[PDB]
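Each remark here refers to the structure printed beneath this line.
Just so it is clear, the values below take in all heavy atoms, side chains as well, and ignore hydrogens, waters and symmetry mates. Each chain gets a letter, A, B and so on, in the order its sequence line appears, and its residues count up from 1. Both counts, for ligands and for their atoms, begin at 1 and track the order of listing.
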Amino acid sequence: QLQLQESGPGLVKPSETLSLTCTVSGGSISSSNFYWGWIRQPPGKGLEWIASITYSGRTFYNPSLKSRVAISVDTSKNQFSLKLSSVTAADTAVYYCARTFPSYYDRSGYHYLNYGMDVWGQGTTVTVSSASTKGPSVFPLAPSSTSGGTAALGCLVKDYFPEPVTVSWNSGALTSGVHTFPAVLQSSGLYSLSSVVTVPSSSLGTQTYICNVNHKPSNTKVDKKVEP
Amino acid sequence: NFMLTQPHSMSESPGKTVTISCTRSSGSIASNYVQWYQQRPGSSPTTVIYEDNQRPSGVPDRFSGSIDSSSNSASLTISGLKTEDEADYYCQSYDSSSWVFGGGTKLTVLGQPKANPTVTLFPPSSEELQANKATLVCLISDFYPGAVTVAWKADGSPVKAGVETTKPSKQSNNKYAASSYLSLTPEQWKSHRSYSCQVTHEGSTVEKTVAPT
Amino acid sequence: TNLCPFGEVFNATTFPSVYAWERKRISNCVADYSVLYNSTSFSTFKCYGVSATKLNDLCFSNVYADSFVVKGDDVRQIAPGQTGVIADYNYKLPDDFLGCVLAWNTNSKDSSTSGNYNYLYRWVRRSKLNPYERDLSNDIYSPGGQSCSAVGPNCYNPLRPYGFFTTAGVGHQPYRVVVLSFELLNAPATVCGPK
Ligand SMILES: *[C@@H]1O[C@H](CO)[C@@H](O)[C@H](O)[C@H]1NC(C)=O
Ligand SMILES: *[C@@H]1O[C@H](CO)[C@@H](O)[C@H](O)[C@H]1NC(C)=O
Ligand SMILES: *[C@@H]1O[C@H](CO)[C@@H](O)[C@H](O)[C@H]1NC(C)=O
């Protein structure tokens with residue numbers, strides 16, 4: 001069971017180089033039966049393939065990105081990497097790393113290789129902008145009137161940039177009733193979202209509720225106690 | 001360097017059978033392997049068909065792939081259509097020059113029950129007020145179909161500016177979520193008797209009210 | 001003179017179930033792989049890390065042949081990297097696999113009007129099989145680690161039969177598979193092509 005994890009800068013200034021790393025586990029990047037590639041998806045749009053590589057260093061590129069693309073493997077860390085130089089706003093996308101279906105020869109001797117994607121990574125959101133990163137202001141949304149045999153309590157994540165943030169509750173120990181709403185993009189160019197959790201009305205006295213906000217592009221974590 | 005063309009969207013009732021087609025512009029569709037990828041809202045894509053008709057483990061037996069060279073096209077076919085199959089579907093192939101992706105087909109399952117929204121309205125926190133800021137958070141969940149309008153009120157009179165409202169987005173249960181934020185000064189919050197979020201969906205209206213405390 | 005016995009692998013009368021797959025080590029003969037790649041009767045013919053087309057020019061230490069029956073939709077799991085019930089629990093190719101995967105439809109031999117239930121597969125185990133591992137056991141599988149004396153709840157028969165019907169769809173039809181694995185160790189070359 002193979003897993004793939006992208007890591008990247010989150011925000012990158014125009015004309016600079018976007019640098020991304022995919023970390024393989026459950027398999028080795030050294031395995032010469034497979035290729036390994038990068039796919040991107042700008043917000044609102046579909047998919048575009050970038051480049052693929054195998055252990056030797058043999059490489060296939062999208063011809064429209066090739067003069068700006070460098071892809072390498074690092075067998076010493078079980079990783080492969082993508083660099084995309086001179087970024088503009090058209091390179092704002094979610095970037096996905098992936099492993100292809102294995103290369104093989106047919107009965108005639110034709111070599112099928114790098115034709116399609118089999119295991120996908122989770123994606124890494126990349127924003128290209130001149131604006132600076134901004135960590136979030138985290139405020140509690142206390143329970144009050146929270147109508148029912150249950151109660152709603154929340155966590156407001158205000159005025160951050162760029163996307164994304166992740167919210168968990170009680171370090172992941174609480175999953176049921178959790179609803180993280182999509183972010184609003186305000187007129188200032190900053191983002192805000194909220195995360196609520198529906199809890200039992202009786203359990204407000206005994207159980208304490210922390211939302212764990214994480215904003216990786218500004219290297220911030222906030223554990224915010226929410227209290228009656 | 002060819003292109004592949006997909007319908008922008010596709011609609012079918014549950015239990016019925018639906019087919020998304022993918023038509024190659026030049027060359028033969030049979031010369032190169034065709035893949036199909038499924039993408040739910042918020043998720044990475046998942047491969048559901050490879051090598052025109054091979055189905056990876058975990059994809060239901062109801063998903064099937066096929067090639068039709070007389071129309072130069074490939075086809076994803078979902079039999080016994082379920083609510084859980086609502087997603088975007090992308091075809092993908094390649095030649096010697098590049099991979100080529102379809103533009104994607106939004107698959108809509110029809111006959112879904114109309115559901116009116118639940119609305120939760122929160123006042124500013126004392127922590128936010130005591131930093132000279134005030135935000136009202138209106139959260140709108142579990143509604144179908146995905147079109148609401150939100151109107152804010154100050155003391156029965158409508159509020160024009162300082163309102164930010166998201167566009168409705170698909171949840172995992174195929175109903176929709178939205179949210180709206182009203183920014184106020186701390187004085188505006190206390191100088192009014194109450195503020196209201198008013199959500200209108202399919203002619204009906206759900207209104208919540210919060211007041212200083 | 002030393003014609004390698006691929007004909008007794010491929011043209012053998014009976015094949016085994018996939019959970020109880022069978023191995024024939026082949027060495028110390030001369031091989032003619034052109035018997036394989038001349039033919040047009042294979043439905044699956046995939047070679048990884050080596051072309052079929054160039055096999056008559058190579059020399060190998062040991063060639064192994066592994067054989068079993070799967071239903072048609074399960075032939076895709078006999079490939080490097082794949083998962084599913086056959087790869088996880090019955091037969092597993094390694095990631096760095098060198099060899100070929102060869103399959104042909106046998107609905108005329110291995111199906112029936114009433115149903116052929118002779119071919120079994122394992123569907124649950126404690127762990128995934130390692131490459132080229134084999135599980136022949138007839139135990140009751142407990143998910144926790146309890147003793148089970150009868151197949152019950154939380155006491156699982158881990159084996160199920162394919163049911164092969166002659167009128168079935170081609171993905172539910174029986175397919176014989178032969179997996180050819182090639183080694184060439186620091187060992188001297190025992191198997192060679194004609195050239
Ligand atoms: C199996 O038999 C057929 C004819 O009966 C023959 O043509 C074929 O080459 C044989 N297979 C092998 C591997 O010798
Ligand atoms: C083939 O047969 C000859 C005759 O005995 C023998 O010397 C040789 O070792 C055999 N094997 C090969 C690979 O030539
Ligand atoms: C097919 O026949 C034999 C297979 O044993 C092989 O030696 C021969 O070269 C092949 N010829 C062609 C034309 O494929």
*Are any non-hydrogen protein atoms located under 4.0 Å from atom 13 (C) of ligand 3?*
no
*Under-4.0 Å salt bridge between C:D88 and C:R122*: no
*Shortest protein heavy-atom distance from atom 10 (C) of ligand 3, along with the residue and atom involved*: C:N38 ND2, 2.7 Å
_Atom indices of ligand 2, in the order listed, that fall short of 4.0 Å to a heavy atom of C:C29_ = 13 (C)
*Within 45° cone and under 6.0 Å: C:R23 NZ/CZ vs C:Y64 ring*: yes
*Show the numbers, then the answer: is there a side-chain hydrogen bond (donor to acceptor under 3.5 Å, both in side chains) between C:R134 and C:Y19?*
CA-CA 7 Å; C:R134 193 166 63 213; C:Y19 91 96; over 6 Å; no
*Among B:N72, B:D95, B:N32, B:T5, find the residue that satisfies the side chain to side chain donor-acceptor pair (under 3.5 Å) test when tested with B:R24.*
B:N32
_Under-4.0 Å protein heavy-atom contact, atom 4 (C) of ligand 2_ = no
_Protein heavy-atom partner closest to atom 1 (C) of ligand 2 - residue, atom, separation in Å_ = C:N2 ND2, 1.4 Å
*asked:* Just to confirm my output: which protein heavy-atom neighbour is closest to atom 7 (O) of ligand 3, and how far is it?
replied: C:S34 OG, 3.5 Å
*For atom 9 (O) of ligand 2, what's the nearest protein heavy atom and its distance?*
C:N28 OD1, 4.7 Å
*Cation-pi check, C:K71 to C:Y162: give yes when NZ or CZ is under 6.0 Å from the six-membered ring centre and within 45° of the ring axis, no otherwise.*
no
*asked:* Within 45 degrees of the ring normal and closer than 6.0 Å to the centroid, is that where the cationic atom of A:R107 sits relative to C:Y37?
replied: no
*Sidechain N-carboxylate O distance under 4.0 Å for C:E183, C:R25*: no
_If the cut-off is 4.0 Å to any non-hydrogen atom of C:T190, which atoms of ligand 2 fall inside it?_
13 (C)
*Given C:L102, C:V9, C:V178, C:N11, which one has a non-hydrogen atom that is nearest to atom 6 (C) of ligand 1?*
C:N11
*In ligand 1, which numbered atoms sit nearer than 4.0 Å to a non-hydrogen atom of C:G7?*
12 (C), 13 (C), 14 (O)
*Contacting atoms of ligand 1, where contact means under 4.0 angstrom from a heavy atom of C:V35*: 9 (O), 12 (C), 13 (C), 14 (O)
*Could you tell me whether a side-chain N or O of A:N78 sits under 3.5 Å from a main-chain N or O of A:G27, the two making a donor and an acceptor?*
yes
*Atom indices of ligand 3 within 4.0 angstrom of C:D32 heavy atoms, with elements*: 5 (O)
